[PDB]
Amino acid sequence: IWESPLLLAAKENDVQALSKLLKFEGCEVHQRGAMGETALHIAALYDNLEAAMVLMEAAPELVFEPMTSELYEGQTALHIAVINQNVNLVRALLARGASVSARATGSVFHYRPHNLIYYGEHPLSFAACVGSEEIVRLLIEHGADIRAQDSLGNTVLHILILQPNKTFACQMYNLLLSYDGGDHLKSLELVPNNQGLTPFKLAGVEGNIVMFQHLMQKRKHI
């Protein structure tokens, strides 16, 4: 960042500096930092909407670029914007065609004792985990697949079982299922992960008392 004027301008939300650099074809607009991050990743991380807009306007291809480091492999500006709950930035990226299918597969995202979070891989899974109903709805409206599975076979339903904040997780679980509806084959609730556990069974295995009860009474009603 500090050695690159474009990355620095993005960090500083310095719209004038960005615009003057971008008009050159002097700055390589696709230059990357040490984590394989672009100026647009940097704008998103720092919650700099104006810099992100200037960059997307000037170089819309940046919307699709993943971080390339092993730690952050696959992370897109949309994933970052979702984590920051920047609704305006999420809408902007989506309006420009940002992929709702992009998978964040870098080591910091892995389901591991050492990692602080596990939010799965997909933007929708991130959105459900940070608790943004508005962002969840925006993503689904742009074609996000509620049935998408991560590398462990976990759907968003499983991933919600693994989260600490059980009260919103339950509301989010139901929000997500309201888009599943009366489909002519298996409820998403019946899809197992690679361990062979459905969300209900996973809740039991993990000692998620809130979700185990919720889901148990659910099936009895169904």
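When you see a residue number, it is the position in the sequence shown, counting from 1.
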Tell me which stretch, 108-116 or 75-83, has the higher mean Cα B-factor listed in the entry. 108-116
Selected stretch [higher average CA B-factor]: 39-47 or 160-168: 160-168
Once the chain's modelled residues are ordered by C-alpha B factor and cut into thirds, is residue 22 in the lowest, middle or highest one? highest
Assert third(CA B-factor, residue 131) within chain per record equals highest
Comparing residue 67 with the other modelled residues of its chain, is its CA B-factor in the lowest, middle or highest third? lowest
Residue 58 CA temperature factor, ranked by third within the chain: middle
Residue 188 - which third its CA temperature factor falls in, relative to the rest of the chain: middle
